[PDB]
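Note that the sequence shown covers residues 1 to 37, 46 to 153, 162 to 296 in the authors' numbering.
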Amino acid sequence: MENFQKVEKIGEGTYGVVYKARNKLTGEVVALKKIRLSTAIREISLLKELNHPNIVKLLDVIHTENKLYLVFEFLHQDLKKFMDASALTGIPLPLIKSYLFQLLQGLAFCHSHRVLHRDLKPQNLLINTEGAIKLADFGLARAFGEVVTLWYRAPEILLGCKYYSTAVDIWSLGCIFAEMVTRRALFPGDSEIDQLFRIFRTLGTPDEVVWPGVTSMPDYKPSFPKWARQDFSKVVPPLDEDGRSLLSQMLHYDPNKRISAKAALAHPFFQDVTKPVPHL
Ligand SMILES: O=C1CC(I)=CC=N1
């Protein structure tokens with residue numbers, strides 16, 4: 001590469017290959033995301057201004073040789089790998105709580121600046137060595153439009177709603193919270209309908225009482241099976257009532273009833289939050 005030394009594939013990202021790369025001029029290590037191929049360039053370039061401690065810094069947008077690359081700061085590890093490495097012991101609760109608190113601060117920041125993620129998942133959550141966690145790839149899905165992960169997708173998206181809101185990110189984060197606590201994905205679907213029925217079997221099939229308008233959504237079918245709703249108490253033991261209360265509010269069916277990031281930060285679950293050092 002003209003402008004990088006020591007370029008190494010990390011893996012396949014949402015939009016193309018992701019590399020660890022060394023900037024030739026400065027010697028810094030960055031995450032270089034190739035976008036597999046006018047409006048998207050200016051919109052993503054605005055994200056270079058969207059800066060916060062819990063947001064992965066977008067350093068540059070490189071548009072050269074009719075190719076597009078996003079340059080992000082490089083962080084030590086992603087949460088999917090950390091979760092896998094932590095599976096035998098579990099992530100300690102104080103660290104789960106710290107990470108959730110920080111992720112909510114990142115969401116609250118982006119949402120206050122009218123930027124959504126729309127595709128949060130553990131792979132886009134990055135950790136450093138001292139206890140910070142950051143979200144990557146905010147804003148890309150609006151700008152741009162191996163198998164896709166559906167496990168974190170909000171039910172309105174699965175039911176074919178064409179209108180995103182902040183609530184989609186709260187749903188995904190709730191699913192990630194549950195997975196940290198139980199060491200198992202909450203809703204590991206392998207197709208849209210398996211994902212949908214996995215949510216319905218746990219939370220009950222939604223209806224007009226809990227979710228006004230649900231029956232008029234594009235992909236809703238009156239023939240869906242009607243499951244009764246289970247209790248978070250069987251789903252995420254041994255999480256305490258404060259954690260279950262918060263999670264329950266993050267996973268309301270109606271996006272309009274889902275707790276906001278800002279309100280979640282005030283929840284009693286976080287009264288005793290701290291910032292521990294992770295065991296890498
Ligand atoms: O900065 C990063 C990105 C990814 I994907 C993995 C680890 N560090």
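Here a beta-carbon is modelled for each residue, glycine too, at the ideal position from N, C-alpha and C.
Nearest by alpha-carbon distance to residue i: which of the options is it?
i: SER120; options: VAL17, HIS60, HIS71; result: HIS60
i: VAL230; options: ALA170, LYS278, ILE186; result: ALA170
i: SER261; options: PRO271, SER181, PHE248, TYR269; result: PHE248
i: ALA183; options: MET1, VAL123, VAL252; result: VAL123
i: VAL69; options: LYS33, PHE90, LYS89, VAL293; result: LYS33
i: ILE135; options: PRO254, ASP127, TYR107; result: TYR107
i: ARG22; options: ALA48, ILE49, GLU2; result: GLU2
i: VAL293; options: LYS88, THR137, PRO238, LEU212; result: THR137
i: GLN287; options: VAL18, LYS105, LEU143, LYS273; result: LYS105
i: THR47; options: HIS283, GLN211, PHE152; result: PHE152
i: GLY98; options: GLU51, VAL197, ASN74, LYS237; result: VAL197
i: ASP258; options: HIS283, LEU58, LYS278; result: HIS283
i: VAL251; options: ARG217, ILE52, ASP210, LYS56; result: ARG217
i: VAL164; options: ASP223, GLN211, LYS237, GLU172; result: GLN211
i: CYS191; options: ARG50, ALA279, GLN265; result: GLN265
Considering only DSSP beta bridges, list what residue i is partnered with.
i: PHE286; result: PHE286 pairs with nothing; no bridge assigned.
i: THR72; result: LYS75
i: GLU81; result: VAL30
i: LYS20; result: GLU8, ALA31
i: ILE135; result: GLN85, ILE141
i: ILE63; result: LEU143
Where does the unbroken beta strand (DSSP E) through residue i begin, and where does it stop?
i: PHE4; result: 4-12
i: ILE215; result: First-last for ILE215: 208-219, but that is the alpha helix (DSSP H), not the beta strand (DSSP E).
Do the CB positions of residue i and residue j come within less than 8 Å of each other?
i: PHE193; j: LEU263; result: yes
i: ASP270; j: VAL225; result: no
i: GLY11; j: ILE35; result: no
i: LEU174; j: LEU219; result: no
i: residue 305; j: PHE80; result: The chain is shown from 1 up to 296; residue 305 falls before or after that span and cannot be answered.
i: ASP127; j: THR14; result: yes
i: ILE141; j: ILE275; result: no
i: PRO100; j: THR290; result: no
i: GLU208; j: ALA201; result: no
i: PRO234; j: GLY176; result: yes
i: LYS88; j: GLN131; result: yes
i: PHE109; j: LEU296; result: no
i: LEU78; j: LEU37; result: no
i: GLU8; j: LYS24; result: no
i: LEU143; j: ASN62; result: yes
i: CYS118; j: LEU58; result: yes
i: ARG214; j: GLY205; result: yes
Let's see if you can read the secondary structure: which residues bound the alpha helix (DSSP H) around residue i?
i: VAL251; result: 248-251
i: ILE104; result: 101-120
i: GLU195; result: 183-198
i: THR231; result: No alpha helix (DSSP H) holds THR231; DSSP gives it neither H nor E.
i: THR47; result: 47-54
i: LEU262; result: 257-266
i: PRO171; result: 171-174
i: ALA244; result: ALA244 -> no alpha helix (DSSP H), and no H or E assigned at all.
i: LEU166; result: No alpha helix (DSSP H) holds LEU166; DSSP gives it neither H nor E.
i: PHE152; result: 148-152
i: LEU25; result: Per DSSP, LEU25 belongs to no alpha helix (DSSP H) and is neither H nor E.
i: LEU281; result: 277-281
Three CB pairs or more closer than 8 Å across the stretch 241-254 and the stretch 74-85: The stretch 241-254 vs the stretch 74-85: no contact.
Contact the stretch 142-151 vs the stretch 89-108: 3+ CB pairs below 8 Å: With a cut-off of 8 Å, the stretch 89-108 and the stretch 142-151 do not count as touching, because too few Cβ pairs lie within range.
Three CB pairs or more closer than 8 Å across the stretch 165-179 and the stretch 99-114: No, because fewer than three Cβ pairs between the stretch 165-179 and the stretch 99-114 fall closer than 8 Å, the two stretches do not touch.
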